[PDB]
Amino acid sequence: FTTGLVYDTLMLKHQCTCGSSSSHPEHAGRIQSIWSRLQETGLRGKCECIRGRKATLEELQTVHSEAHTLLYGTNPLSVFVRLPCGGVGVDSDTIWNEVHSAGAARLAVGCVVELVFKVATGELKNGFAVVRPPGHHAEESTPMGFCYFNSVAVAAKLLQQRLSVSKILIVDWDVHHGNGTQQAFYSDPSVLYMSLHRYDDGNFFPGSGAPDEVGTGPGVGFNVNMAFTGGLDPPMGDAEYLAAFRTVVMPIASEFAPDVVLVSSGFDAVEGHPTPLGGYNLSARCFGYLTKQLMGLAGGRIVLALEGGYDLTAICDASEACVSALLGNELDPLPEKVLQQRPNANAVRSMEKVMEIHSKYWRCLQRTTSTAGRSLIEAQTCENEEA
């Protein structure tokens, strides 16, 4: 009863034909380097090796239109344009390999589904899916932002339909808003979608994910956009995400009280990225602590699935920290400067905006006042004296 890992080198074949390496950030070396890091650190040997598979067209159609699944899930046995790099794609970001991309994208979904079901049924404690292409930007009938099929959303739908799971939490800590995942569950109160993302008043990719997007119909209140606004003045870092987890993510998630937790685990908020791709300064170590916090929910029934994250050192460092956390290893302590740092004013304003909006729906936010400005030490000092 341990941590599972799923990975498949056939996902490396989703690759542009152009030969212009610097042009495509979402490249095969992303998952290849993560897998090598997990192997050489000994973490792979501590985990169960889970074999993936291709998702069926019917499984993909729990989220996407039939036409969308045929266009991107089958090959001829137009929506595709000749790109300036010389390859083919659906937009300037999102390449299409006419031979390999359909199978690779279906394999990414199937890997996530296989791992998610083994955790949900108790064959595994928890797990991490090392998959590409990413999924959370793909809408019902629109690929975008490197994504074709929303692997995490498909897994959640299948949990509902095949295992009758009544409460699913999706946490999305990729630096970008998961517009596809938000769409897929917007009217559904049985799935809580919670995204932390760079929002900057709608001036960052993809442009969605405002705090006042709370859901629709019976789903009102079950969509939580922890949207950071203010730009990179200063960039968000460990203190800001830890405060957001303390004030927003964990109180709401605990009140929701899920049966299963799915994490859209992009690492493009880690320090060392080109600022247009994220520009935040999270440490890899911090993602281990965030993972450990989410492991307290749903009895530990949690799966992380790789989304974005592009700097190889950054995503390998963060994957290592997250898998170490899933295995129950002791994490390195956070630096003293991080524990003592108060979240920056833009993050405080961002957190308080979200709390004001969702105080209408969540009793845990009908708290007395806001503690969003407290450092971790200041918050822990006030917790010990209370209880």
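Numbering starts at 1 and follows the sequence shown.
According to the PDB entry, the deposited sequence contains 10 or more residues between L77 and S78 that lack coordinates.
For the segment pair 78 to 86 and 196 to 204, the entry gives 78 to 86 the higher mean B-factor, averaged over Cα atoms. As the entry records it, the average C-alpha temperature factor is higher for 64 to 72, out of 315 to 323 and 64 to 72. Per the PDB record, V338 has a higher Cα B-factor than any other of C49, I34, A28, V338. Of the candidates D233, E139, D172, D268, the deposited coordinates give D233 the top C-alpha B factor. Among the modelled residues of its chain, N126 has a C-alpha B-factor that falls in the lowest third according to the deposited record.
Ranked by C-alpha B-factor against the other modelled residues of its chain, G237 falls in the middle third. When all modelled residues of the chain are sorted by CA temperature factor, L43 is found within the lowest third. Among all modelled residues in this chain, the alpha-carbon of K292 has a temperature factor (C-alpha) in the middle third. Residue-level temperature factors show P134 in the lowest third of its chain, judged at the C-alpha atom.
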